[PDB]
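Coming up is one lone chain in C-alpha cells, specifically the form deposited in one PDB entry.
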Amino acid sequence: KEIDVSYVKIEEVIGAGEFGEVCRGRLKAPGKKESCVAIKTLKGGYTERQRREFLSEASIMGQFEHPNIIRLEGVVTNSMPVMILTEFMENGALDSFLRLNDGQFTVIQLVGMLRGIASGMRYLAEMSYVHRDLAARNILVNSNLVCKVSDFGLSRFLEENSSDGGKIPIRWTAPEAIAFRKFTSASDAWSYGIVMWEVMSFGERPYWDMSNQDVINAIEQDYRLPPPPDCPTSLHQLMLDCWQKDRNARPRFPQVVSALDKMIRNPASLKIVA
C-alpha cells in the first residue's frame, strides 16, 4: 500500500537500521484516525539492488496479518526518502528492554512474552515462512508488553551464495542449519529455545564469550545452555526440548504454545527451580 507522503509526519529518530534511520511518527489518512507508526527511511546513494532489498521487508510483512507479527501500514516509494511504515512498538527490542528491566517482570509476565513470540512463530510456520534469524533482538515489545516478531527478508545468507542476507547467526542457529543450510520451522524451534533463554536471563548473551566455533563444537559435544538464574525447571526443559539434535524430535510451534498456555493456567508448576 502506497501512502501519500502528506499523510506522514516524522517526529524523532529512535534507531538505526541496515539501510538508514528508524523513526517514530504519525500517520493520518482520510477517513481514519491518526496513529503512531515506526518509519524506516532510505535516502540517497544506494543501489537499486539495495532499494529492492530494503523494500522486500515491506513486501514480506504485507503478506502477514497476526497480532504477534509486526503490522505493515504501508510504503512510500514515489518520493524520497523511500519509507516503510509499521505499527509503533513503544518499548523497542526485547533484549534491550529486558536488560533495562532486569529482574523487574515476574515469571508469569515473561511466560506471556514467550507465548506471544511462540504464537507469532506458530503463524509463520503455518504460512510456511521460515524466519531464520529468530532472536530476542528481533522481537519488538509494545506498551502493553505484547511481543511481536520482526525482521523479514528472504535473501540467502552470505554462506549460501557464491563462493566469492548477512552471515548465519551462529548462536541462534540449529546445528543442521549451520552444517547443511537446511532452514526449516524445526530449525526456528531451536532458535526459539535460545529466545526462551534470552528472556529468562533478562537479555544475557547466549553462550557468553564463547566464540562461534566454540559454540558449534560445544553443541555437537552435547553441551546445552544451563537454566538461567531463577528459571522454572519446566521452562528450561522446554528449552532442552527445542534443542534436541534430531530436528524431528523438537516440539512444533502449536505444541510450544500449548505448553506455555498450560504453564500460565497452572502457575504453581513454575515454582520448581534448580
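For clarity, a rigid core is taken as the largest C-alpha set superposing within 1.5 Å between two forms. Numbers follow the displayed sequence, beginning with 1.
- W208, present in the displayed chain, carries coordinates in each of the other PDB entries compared that cover both sides of it, far from a third leaving it out.
- Across the other entries compared, none leave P226 without coordinates where the residues on each side are present, so it is far from a third.
- In the deposited sequence, the stretch from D164 to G165 hides 4 to 9 residues that have no coordinates.
- In this entry, 74 to 82 has the higher mean Cα B-factor, the comparison being between 134 to 142 and 74 to 82.
- Mean C-alpha B-factor is higher over 48 to 56 than over the other stretch, the pair under comparison being 244 to 252 and 48 to 56.
- In this entry, the residue among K182, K148, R122, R115 with the greatest C-alpha B factor is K182.
- In the deposited entry, the Cα temperature factor of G193 places it in the lowest third of its chain's modelled residues.
- Sort the chain's modelled residues by C-alpha temperature factor and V257 lands in the lowest third, per the entry.
- Residue-level temperature factors show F157 in the highest third of its chain, judged at the C-alpha atom.
- Annotation for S211: CA B-factor lies in the highest third of the chain's modelled residues.
- Sorting the modelled residues of the chain by their CA temperature factor places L42 in the highest third.
The form deposited in another entry exists for this protein as well; it is not shown, and the discussion that follows is about that form.
- Checking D230, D246, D222, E34 for C-alpha shifts of 2 Å or more between this form and the one not shown, after the rigid core is superposed, gives a single hit: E34.
- Core-aligned CA deviation for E11 between this form and the one not shown: 2 Å or greater.
- Core-superposed comparison between this form and the one not shown: CA of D261 displaced by less than 2 Å.
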